[PDB]
Structures are given as structure tokens and as C-alpha cells.
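Quick notes on the structure that follows.
Taken together, the values in this text are just the output of simple stated rules run on the coordinates, not laboratory data. Because the Cβ atoms are built from the backbone with ideal geometry, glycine has one as well, and the counts that use them run over all protein chains shown.
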Amino acid sequence: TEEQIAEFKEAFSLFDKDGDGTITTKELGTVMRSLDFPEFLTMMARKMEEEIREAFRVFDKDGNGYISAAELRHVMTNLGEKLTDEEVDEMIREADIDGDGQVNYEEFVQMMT
Amino acid sequence: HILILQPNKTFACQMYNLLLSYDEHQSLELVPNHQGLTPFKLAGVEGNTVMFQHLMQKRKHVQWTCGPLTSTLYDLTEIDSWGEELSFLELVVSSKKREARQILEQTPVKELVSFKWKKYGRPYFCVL
Amino acid sequence: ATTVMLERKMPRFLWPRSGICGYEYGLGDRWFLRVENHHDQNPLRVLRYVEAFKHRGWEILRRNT
Amino acid sequence: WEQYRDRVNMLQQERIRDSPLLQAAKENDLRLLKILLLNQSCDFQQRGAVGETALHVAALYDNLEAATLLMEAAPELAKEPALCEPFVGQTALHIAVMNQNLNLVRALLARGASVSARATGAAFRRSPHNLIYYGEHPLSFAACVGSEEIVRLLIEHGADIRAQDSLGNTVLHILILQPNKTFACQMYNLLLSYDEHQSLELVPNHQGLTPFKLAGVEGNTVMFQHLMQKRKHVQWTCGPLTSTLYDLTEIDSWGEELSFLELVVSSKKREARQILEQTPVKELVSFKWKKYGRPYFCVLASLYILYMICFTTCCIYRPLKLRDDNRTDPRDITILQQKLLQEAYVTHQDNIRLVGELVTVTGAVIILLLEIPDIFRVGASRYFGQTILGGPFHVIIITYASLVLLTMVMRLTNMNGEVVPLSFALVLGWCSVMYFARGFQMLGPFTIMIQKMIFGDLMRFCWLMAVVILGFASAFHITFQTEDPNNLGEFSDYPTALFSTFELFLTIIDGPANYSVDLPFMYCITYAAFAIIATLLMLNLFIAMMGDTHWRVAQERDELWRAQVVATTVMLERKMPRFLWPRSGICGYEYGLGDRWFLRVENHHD
Amino acid sequence: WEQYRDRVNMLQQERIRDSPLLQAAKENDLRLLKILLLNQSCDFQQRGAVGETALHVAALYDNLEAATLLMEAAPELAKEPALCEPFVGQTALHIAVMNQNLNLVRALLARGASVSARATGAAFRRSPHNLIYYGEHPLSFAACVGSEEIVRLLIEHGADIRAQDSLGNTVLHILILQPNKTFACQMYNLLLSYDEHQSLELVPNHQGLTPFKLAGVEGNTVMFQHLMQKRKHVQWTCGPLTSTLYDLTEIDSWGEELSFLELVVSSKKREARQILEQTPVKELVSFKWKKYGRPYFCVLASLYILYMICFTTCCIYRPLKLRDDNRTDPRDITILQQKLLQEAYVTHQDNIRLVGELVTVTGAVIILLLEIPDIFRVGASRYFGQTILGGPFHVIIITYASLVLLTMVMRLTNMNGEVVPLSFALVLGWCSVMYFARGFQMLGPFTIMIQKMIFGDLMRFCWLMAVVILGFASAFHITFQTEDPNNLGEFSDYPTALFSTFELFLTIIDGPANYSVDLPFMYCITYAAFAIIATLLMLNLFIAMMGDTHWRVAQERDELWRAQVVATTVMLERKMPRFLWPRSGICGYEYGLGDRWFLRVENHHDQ
Ligand SMILES: [Ca+2]
Ligand SMILES: [Ca+2]
Ligand SMILES: [Ca+2]
């Protein structure tokens, strides 16, 4: 849930252009040509494992809901197997589907299953 | 202060912004502790960067969008504290906790101190 | 840390204090920093949300779980 | 610069804060805007105070209704670019193209704003200060934003595809200079279809670069092979396999002065080394090196070795003489002396030594006569930095040739001290061979590994070495400046003391002691401290850091060597005459195709 | 060659372009084809310049209706093979098979073309020039492309399975010689079912290779275990476990000279080296090593260890003599002298060292007699190839035996310089122990890592060495020639200075220095430059490159050492007399099974 609303937090920030905390039709209109947050949280609420949730929480160091490459390398060095840094980026290229340089819970669970 | 002292949650940050909304009034944010610490400086020395950037959210002001690129400005008022004896920055970099070194990588401060280095600090350091 | 040390200890005559004097611009006694960014426009992050508005290390990581 | 740019941007925000007409425009307070438009005394020729217009403001803030209310009273501002200094040709058409609002663009064209109005501002420039380069004409903006229907409308209302820019750029060029999208390939094929017809691909830039060569130097390899697909000709399939062929006409450019290949291999951008992995050029360079280049390189290196050994045995039998004078001095041993030139040239042995020396100098002069006009063609700073081209190997050989020229002049003037430049040029000519050590497969990547490594962290070891030995050598000279030098040695004065410490840091010479005689009290402590701090401490760290660095660059050095061998190939095919180099290709004029060379290739599919 | 293929392909394509009948054929210009067929005077037996049918062109480009019109006009073109140099027997049948147009194949057989035609052209050859080899037959092509119904129709219209190509290719053999497809197993099973009869699998090629031996030397282990599935025989299951038995008759290769397992280990391909991991063979070699191979190896190793010591102590007591003359010279130390033969052998101790020498030479001659006839049987260049065999180990023991044979003659001729072959033979013969390191478990892969590494990167270091050390040696001789050689040392002339640079390069000798006398002013800079390029720079880089290649190589040597021991095992058991090697297997002839040897094996597993 907390990583889930972390997805909608940055999403709402992507909708909110002026950053006033609302989404107007003009902000919605600029989206269509390219094709509140509790209001946005309530609206997306009707639209929507334990160990995996436990696995992600020890992995994401800052708890932003998004594992970076340096967090992964720090885990990979904590794993104890030697790897260079280029294939770690390929691991991000393997998992980051929408291309934000990040992985959420949903990109993580499609990788594990 | 105790909302800062927490395993960091945006879940808790909703309660933070909630209680900030229930602030119905001098400015309540300007309170120091017995140690003399504003919650801004407490979050800075704690380095909860999610809480820090949410604290930075109302500090922003955008200026204009222009297709795929957008300009804005930040207020660097509370980040300097040159009038104080205790600077914010030395308070950050002098800490027992490790992960405070991560808050150096924030989008207001990084290019700022880099600019202030590369204009000033490197020639003085070399000639010294 | 080295920077803020020497900038605490050296005298102020060599250094104008950085920032943007908004008092010149009528903002008044508060200094600012302008910055811009160019972002990418990934469509896939937008599509599903507006639509709602309408290999060595990977194996071992599976073994670690 | 950047600071000036942000300052004038903030001043622009001040001026947009100033006038309530423009402020209500950017706020879209259309009730008050009806009052302002009802006002006759509200001047509508009022422009933005730092070089903009009100329609530019409404285009920025996308307030198209306010723009419509503006266009009745002043439609002429729709045709006006304003006079800002970085923004000197900019019209609202560019902003409307950028923000993809087709109704706004259509309303601007309803007033008939000229598409052929071109915008070349100071910020409108390829710059490291500029974050985004999008070209000059509004067609370039429509292309890079990728709006199909807008550029269709521009075609419908003018907007010539043949568009000439500052720096001679065309739409093709800015499509190449782009962060890559598959959508850009579709836009490219679209405008290629909407081209009517010489051909438009034939034009170069102001620098004289075709977009084929621009795509080659920039390595957008999806766009590259997709552009190759139009020239691809398949011949026949059967079963699992498929025989096809390519027209290698534009890829050679042997008739041109600057070939495609020397253009690609000489570039400061890295990713172009990837573009040689495309199939027809890979087969071409493989065939071309395998048929000729390796035997020519072997025989050239063999003749160079044969030159060097004759130079060496010339350097052996220098003419010498007994020392004439008496030393009158202990700690003085100098029993030899130079001969005179009249004294030297006396024997048949001197005659054969002289003809060997003649061989050396006539091999010396041809190096200059070979490579000196090559240096003026390219930038010398560009020439020396390219390790793929062997610039640092060119550094050694010119100094070698200069010193071997200089030493004969030193001889002919009866000048002493020729042994020192001879000693220099000798070891420089011997270390010169590592350029020719490239050609073997087993030998190849190793030398560019060590060439990377000597620039890599050797200085990091060296500077620390110098300062720590500058400490300890002075300490040792102070602690041995009181007693008998006949027993201690190495520490008479400071310059022999520092060199003693340099010898004894590397463990080459054993530690100094005499166990018959007595020794001072401090030196035990100081020498033990030096031994623990220097010998095993960070020498081992050098080993560990060395191993980690080799471990990381172990992937990349082979990728470098593959480019290095074809760089060598195109160099030697440049400088050798053409009767040794027949045409690689298939003369289709034999087969009625006419004046073109092709390449047939096949495989089964996977 | 390969270049000639380009010219003939493009010229053939030009002649395709030339004939407008062939243009309308390749382009299916069926209106214009009816126009050309309306012409009676048009020759319809036109052939290309390399020699082709228009039906071959239409089959290439699948214009099947035009092919029907042509066979309606002239069916006799359907029975014509190609007259090309690369394609000496090519028909449209093979083309229609490989391009899989079953109705067109049915139209070809409707005209009744002979299935058994032989397309044996130059491009129909197992070659590195050729991309994919299959053999000749249309049956082979239908099998390798995997179409059932085509080869079913071929069986329905004759097309005998029992056939042979050049080099003895039969259908099963070329099915083995394929990249791995799941369909190959199915087609193999299908043709095996369709065989109805000695068996057809019993025939070898021209080379003498049964297809089981071909699958062994290739190692397609899925096909191997699927073939082995027929050789399996379960005995009983109970609970979670199952006892079964295997027929090891086929895997034995008993009466043949060509043994199966040595043929497996004598291969260039690495993947067939994998086939040792199969379930019968691993158990068999483990049992056979454990019961016999290790102690038989250890006793022979002990005997060779004892053999070396007698030669050692023989080399100790050479006959010596006090030097007769007077050297009368400084830098001249020749105080001993070689002793004459008739002067030597006079004591009881002389008899001792004489019979001790006799032991060594009679060991050496039987080392020769054991070694020689192995060479002519196998490929000699192959014999020095495989390190599994230890070819370069065999080279040095051959040379050792040669030198210890040679050194007798110089005594027999009383030739001076007797130490000169002897020291070389001594130091080479002590290196004859490294083959025995593979017998020990902890010692095995270590020496093969060494043997990999000495060919691996040692030459990369060695070729870099000589140039830089030669240049510095030249610089040192043309900086020390100015000076009295008695006070400097190490640099009297050019060869000793050349050797001295090799000495103090690898830090064997401490750097030259003098205290009482001063030094040349130029020497300091030169020697410092040599020291900084020399020691810490490139030697340490060799250390790092060694460490980097160690980890990258270190996996494969384990499987390689496990591969070595079975070749050692079969070579050990082959040359011994027969009574020391009993029959492995289970004689079921006692048990009513009859003249076959089996192997019981069981496995607990999960269900
Ligand atoms: Ca909003
Ligand atoms: Ca994170
Ligand atoms: Ca993602």
C-alpha cells in the first residue's frame, strides 16, 4: 500500500504542472495532446506476497519505493559475488519497463514470478 | 520532531501534512527543542530525504513550462543560515549518523555547493 | 566539508554571498535559485493512468527468496 | 553566459509582472480582458519589454481563448517576431508547434502567419550551454516534436522540404542529431515519402557532410541500417537460406577525398566504434584485411627490425681512443677519449662502419619525408590524443629521428657529449617497436592494456612516492651527517642520499649495515619505520588496485583493438600506391549493371 | 573457391535475366506464359549457362501453376538433372522437398520422376565452404527438414531406406549430424519403426563408423540417451525406488581393435567430452578405476620413482681426473679433467657404478620399445595435440630417452664434453613426474592449470621482454665502455652486459653501486628510468593479468582432469597382459540370458 501510494504520489506530481496540489482540465488538456491528491488517491483507489513485501523493504534502503542501481550494487556487494557496473545497468534495463531508471513493487513481482 | 524520528513513511507524511493543515494559525514551524533544533534542521541531520523533499514541496515556485522542459526557482533562505552561528551545512556534515551524507545529493543543494566550489574553493585551495 | 570549513574561516571581503537578490526584483529580502530541467516524455506511464481516468544475479536472487 | 541568461530570464519575469495587460493575458482574466479590449486607450502595440509579444505570452500559457480575443484587434502581431537578444527570430508559431495545440496552429494559419519565417536566435544554437537543439525552421520543430498532422498542414500551406540552415543543416541532419526513437524512423520515412524527387539526400551540410556520413559519424545504428534497407537487394531464397547483396557504392567513396571509413574511425565520439559491427562493412574490412593487410604489415615490420639491428651495430663500433691526460686524482676513473673525425676515417673497418652509418642516416631522413605532410592535414592535438591511431607512438619516432639527425651534427662540429643523445635515441628506437606489435592477435590487446595503465594510476603512485621519499631521504642525510663516510656510504651529501633512498625503496639494494662497527641509536627506529610504512604497505595496495582495474577494463580493451586493426588497415591503404590495391567489389558493368560494385552475402535464418 | 562461387552465382543470375522465357517463368507472367506457350517454335528445353531447368527456376520461385503448364507441355524436363559443376545431379525434386510445396511434389510424382536420382554435386559436400550439409538423397532432405507426409509418400512410392552416399552417409548418420531439433528424435523413431527386416543400424560408413559410434564421437547426448532408452531394461520398482539393469554389450566394443571409449576420448570436439557424464559410462569408469586403476597407477609411479634414483647416483659418480696441464692464467679455472675409459674401470666401486649405469641404459631402451609403436597407430600430430593424452609430456620423455641413449657413445669414443648432454638429460628427466600428478585427487587439476598457463600468457610476456631488455642492454654497454672494467663489474663487454640486464631485471642481483669511487653522471637517470619502467610497472601488470585470467579459466579444468583419468585408465588397461584384467560385466549365459554382460543399477528418487 505504501509503495502503491508512492506510485500515485509521483504520478500526481506528474499530472500537477504548476504544483499547486490540484489537477485542472488545462493540466489534463496538455496531457491529451501528448497522447487534489486525496481526490487523486480516492479516484485511483476504486481502480485498483508477504515475503516479497519483506524482500523489497530490506532492499529499498531509503524507503522511497524505488530501488536504484547504487542500492542494488550495495546489495550485490553485500551478496559477495563480483560484478562490474555495466551489467548492473543491464539489470535495470532488464526490469525497468516504463523506463524511469527505477523498479516498483509491480516491476519486481513480474520479475520474481 | 517525533514525526521525523520514525522509520520513514509517506504514510506518516500524510499525517504530517494533515497536522500541518490542522495548524490553524506566529509560525508553528519555527520551534526549536531544548537542544535548539528546528524540525527543518532535525530532518536535515536525520536525512529522511523523502520527508525532506516533501518539506521542500512548498518551498518550490515554478516559473514556466516549455514543451519538454520547465524552469523553476527555489528559496534558499532557510538552507543558508549565514546569520546564525550554527550553519545548516556544517550541522549536516558533522553527524554521527552515516546516511546524512546522502542528503548532499539533493537537487537544491548539490549544484549550489558545486558552483560555490568551482568558482571559489579550488583556486584558493591550490594557492594555499 | 572542506568547502564549508574554508568558507567559514576566510574573511567575507573575498566573497559576495551567493543567491539572487529578489529585493532588486521586488521579491524582497529573500534570495532564490533558478534552475530548469529537460525531462523525457515516457508515454507508458501516462497511458495507463489516463486510461484509468477514462542473468546470473537474477536466479540467485530468486534463490535468496 | 548562463548567469546572464538566468538574470535576463528573471528580468523577463519582472517585465511580465509589470504591465497589467500582459499580466491579465498570462492569467487569462477574460472578464478584465474584455474591459481592456473595450478600452481604446489600452495600446495594443505594447510588446513585452524585453523582446516578446502578447501573443507569445498567450502561446506560452496556452490561453487560446484570450489569443482569439487578441487576434481581432491586432492580427499583425501574429506575423511578428520580436526583438529579444537570445530570441531574435522567434514567433508564436514555434511555441504553438512545440505545445502541439493544433487548433491554435490552425488559428495562426487562419491569420496567415508565414511558415517560411525563420528563427535563428542566440539561444537557438548547438551549444553546451543549450540543453536542447531543435533546428531553425518550424519544420524542424514539427519534426522533432513529431506531430504528423501539423507538418502535413505545413506541407499543405508551404514549408519547403529543401530547407537550408545556419551551419547548413537540413531536416535530415537534425533528425540524426536526436535522442533516438523508433518514432523518428517513422517520421523520416514519412517525409521521405512526401519528398517529390537531383535527390534531396545528395546535399551535404555547410561543413560538407551528407546525412549518410552524418549518420555514420553519429552512430544511430537503427537509423543507419534502416537507411541501408533501401539499398539492400535480396536475390533468392531456398530452403532455410537467403542470398542477398548490397550496393557498396556510397560506403567506399574511394573517388572522394575524405572516405566514409576514415571519417568514422576518426571521431571523438565513442559509440561510432559500435557501428563497424554492422554486417556489410564488417565483411568488407574482414575480406580486405585478410587478403592483403597482414602480409604487408609483417614484411614492413620485418624491414624495420632489419633497419634497427643495423643501427644498433652502427652504434656498437663507435671510434674511440685512449685517454691522453693523467687523472692526478683518486675517485676518478676516465680511461677513454673520443677520436677526431680526421683520426676516425682511416680503416677498411672504418669504411664499413661509415657505410653502415650512411644506411642509418638515409633511413633516418625518410621518416620525416614520409610523415611530416600527414601532420598538417589533421589537427595535431587531434592527432596525438587518438590512441587508436597510435599518436603516442608517433610522438617517440619523431624525437628519435630528430636526435639521430642531431648527433651527426654534433659529430661534425667535433662536439663532445654525443653519448648522451645516442643513449636517448637508442632506447627510444628500441621501444618504438610496440606500434608494430599491434598486428598479432595474441599480442594486440596486451599493449593497449599497458598503454592505458601507464596513463591510468601511475602518477597516483608517483607523486606520493616523491613526497614520501623527500621526507625520508632528508631524514637519513640529517642522521648520517656526523660520522665517517668511509664506513657508512650513500649519505655523503643530499643528492647521493636521495638516490640511495630511491635505490633502496624498491628493495633492489640490500639495507645498509656494518656489524663490525657501531651504529647510531635513532637509525634503527627510523629505518624500521620506513620499512613498515613503505615496503609492504602500499606497494601491495598498488597490486590490488592494479588487479581491480585490469578486471574492469578486461571487457573493453578487445573492443578497442578491433577498431585499432581497421584503423591501421585504412591508414596503410591510404598511403600505399593503388596498383598494389585492386578494386574490392563486383564490377556490374561486366554484368550490365553499370559502374557499380556490389557484395553478395548469404546465410540461413535462425 | 569461395570467391568463384560469387562469380558463378552472379553469372547464373545474369543468364536468368537474359532469357525472357525464364523471366516470365521466374515472375509468373502467366498471360505472357500462355503467349510463349502459344508459340510452337519457341524452344522449351532451354537451359541456363550453368545448366538448369525452367522447372528448376519455377520450383525455386514456387510458381507452381506455371510448372503445371510446363509439365503439361513438356514433362520430360521434370526428369532432367542439372549439368552444373557445383550441381551435377540436381533436380526439382530436392528443391520441392527443401521448399516444402506438397502439391507441387505430388505434381512432380504425378509425372513420375525417379526418387532414387543422385544429386552429388560439388556444393553437396560436407565442407567449411558449404553452409549446411545433409547428403544426397531426397529421403535425406525430407528427413532433415522433418516433413513427415513427404517422406511417407516417398515410402509409399518406393524410396528404400537402406542407402548410402559418399563417405558412407546413411539416413541415421546424417540425422545424428544435425543441430539439435526435437523433431529429429521423432523422425528417427519414425524411420526406426518403418525399418522392417541383420539390422540396418549395423552398417558402418566408408570410414568404418556405426551410427552409434558417430553419436558417441559427436555427443548429442539427448539423442544418445534416447537411443540408450531402448537399451534400458527395468527390473522392479518398489516404494520410492527402482532397480534396473543395462546392456553394456554395445558400449563395450570388445573384440574390435577400434575401442569405443578411446574413440570417444580421441576427438577434437569438446561437447563429446561431455558424454562421459551419462549414467552407464560414469558408473563403469568409476568402478573400473576404483577396483584397479588407482593402485596399478601408484605401483608404476613408485617404480619410476625408484628408477630415477639409480640414474641420479650414477650421475653422481662420474670418473674424474686431476688436470694434467698448467693453466698459467688468471680467469682460468680448469682444475679437474675428464678421466679416460681404461683408466676408470679398475675398482670394485668401478664395477658398482658400471652396473648402476647398465641399469639406466637397459631401462632407457625398453622405454623406447614401449613408446615407439604407439606413434604409428594414432595420428602423430594428434598424438602431440591433446593434453588429456599428455602429448607434450610425451615429447620430453622421448627426448630424455634419446639423450640418455646418445650419451653412451661419447664415452665409447672417449669424446670430450661428456657433461654437456648429461646435464640437459638430467634436468629434463626430472621433469618426467608431472604426468603422475593427475593420479592424486588434490594434485590433478593444478598441474593442468600450470600447463594451460605456460602456453597461455607466458609468450605474451616473453615477446615483450626481449626488445626492451635488449635496448637497455645496448644503452648500458654504450654507457660503460668509457670506463675501467675492473672497478665497475657486470659490464666488461656486450654479452655479459646483455646477460647482466637479464640478471638484475628480475632482481636476482642487487643493483650495481660503488662508494669509494664516483659514478658517471648519465648513469643515474638511465638506471632510474629503467627501474621505474621495469620492476613495479610491467611485472606487477603480469601479476594482475595472471590473477584475472586465473578466475576466468579456473572452472573448466575440473571436468578436464576428470576427463584425463579415463583416458589414463583405458591406456593403462589396454597394454597390460590379459590375466590382470578380468571381464567386467555380468555373464548371464550362466543365467539363461545368454552371452551378454549387464549392469544392475538402482536409484532412490522423489515421485
Ligand atoms: Ca493544478
Ligand atoms: Ca531508493
Ligand atoms: Ca520502473
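Among E:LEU192, D:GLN338, E:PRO512, pick out the residue whose Cα is farthest towards the positive end of the charge dipole of the protein assembly as shown, where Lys and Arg carry +1 and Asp and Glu carry -1 on C-beta, about the Cα centre. Farthest towards the positive end: E:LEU192.
With Cα atoms defining each centre, region D:1-57 and region E:473-537 are spaced 83 Å apart in the structure. Ranked from largest, the principal axis spans of the Cα set of region E:1-76 equal 42, 24, 22 Å.
Ranking of E:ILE176, E:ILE372 by neighbouring Cβ atoms within 10 Å, starting from the fewest: E:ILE372, E:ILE176. Remark: the protein assembly as shown carries a charge dipole of roughly 2140 debye about the Cα centre, counting +1 on each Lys and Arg Cβ and -1 on each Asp and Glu Cβ. Label zone of D:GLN207 (point 7 Å out along Cα→Cβ, amide N under 18 Å): in region D:258-281 this covers D:258-275. Rounded to the nearest Å, what's the spacing between the alpha carbon centres of region E:558-607 and region D:237-284? Just the number, please. Computed from Cα coordinates, the inter-centre distance equals 58 Å.
Ordered by the number of other Cβ atoms lying within 10 Å of each residue's own Cβ, fewest first, D:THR501, D:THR120, D:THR362 fall into the sequence D:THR362, D:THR120, D:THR501. From its DSSP helices (H runs of at least four residues, each -39,500 (n - 2.57)), the protein assembly as shown gives a residue-normalised ellipticity at 222 nm of -16000 deg cm²/dmol. Per residue, the Cα convex hull of region A:1-48 amounts to 85 Å³. Label reach from E:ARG596 (point 7 Å along Cα→C-beta): in region E:231-245, amide nitrogens under 15 Å belong to E:231-235, E:244-245. For region E:277-288, putting each phi into the Karplus relation 6.51 cos²θ - 1.76 cosθ + 1.60 with θ = phi - 60° gives couplings of 6, 6, 5, x, 6, 5, 5, 5, 6, 5, 4, 6 Hz, in residue order, rounded to whole numbers and with x for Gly and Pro.
At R0 = 60 Å, how high is the FRET efficiency between E:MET571 and D:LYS282 if r is their beta carbon distance? Nearest 0.05 is fine.
After rounding to 0.05, the efficiency reads 0.85.
The ranking of B:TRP82, E:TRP1 from fewest to most other beta carbons within 10 Å of each one's beta carbon is E:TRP1, B:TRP82.
Distance between the 7 Å Cα→Cβ label points at B:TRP117 and B:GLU24: 4.9 nm. Scanning residues 5 or more positions from D:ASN603 or on other chains, those with amide H under 5 Å from its amide H are D:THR242, with H placed 1.01 Å from N in the peptide plane. Site pair D:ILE478 and C:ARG62 shows an inter-label distance of 6.7 nm when each label is modelled 7 Å from Cα along Cα→Cβ. P(r) tail, chain A: Cα-Cα pairs separated by more than 20 Å, 53% of all pairs. With the convex hull of the Cα atoms taken as the outline of region D:423-572, the averaged projected area works out to 12.5 nm². Using bins of 10 Å that start at zero, the share of Cα-Cα pairs per bin across region A:49-112 amounts to 20, 57, 23, 0, in whole %.
Distance between the 7 Å Cα→Cβ label points at E:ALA301 and D:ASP350: 7.1 nm.
How big is D for region D:120-261, in µm² s⁻¹ as a whole number, if Stokes-Einstein is applied with the Kirkwood radius of its Cα pairs at 4 °C and 1.567 mPa s? It diffuses with D of about 77 µm²/s by this estimate.
Measuring spread by the Cα atoms of chain B yields a radius of gyration and Dmax of 16.7, 55 Å.
When the pairs E:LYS181/E:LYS232; B:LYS118/D:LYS268; D:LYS291/D:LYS575; A:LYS82/E:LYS282 are compared against a 28 Å limit on Cα-Cα distance, A:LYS82/E:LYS282 fall above it.
A straight line joining the Cα centroids of region E:329-402 and region D:176-208 runs 79 Å. Working note: Karplus 6.51/-1.76/1.60 with θ = phi - 60° gives region D:348-362 the couplings 5, 5, 5, 5, 6, 5, 6, 6, x, 5, 5, 4, 5, 6, 6 Hz, where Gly and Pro are set to x.
Ratio of Rg to Rh for the protein assembly as shown, alpha carbon only, Kirkwood? Rounded to two decimals, Rg over Rh is 1.01.
Here the Karplus curve 6.51 cos²θ - 1.76 cosθ + 1.60, taken at θ = phi - 60°, turns the phi angles of region D:428-445 into couplings of 6, x, 6, 7, 5, 6, 5, 4, 6, 6, 5, x, 7, 6, 5, 8, x, x Hz, with x standing for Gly and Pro. Using the Stokes-Einstein relation with a Kirkwood hydrodynamic radius computed over Cα pairs, the translational diffusion coefficient of chain D at 4 °C and a viscosity of 1.567 mPa s comes to 40 µm²/s.
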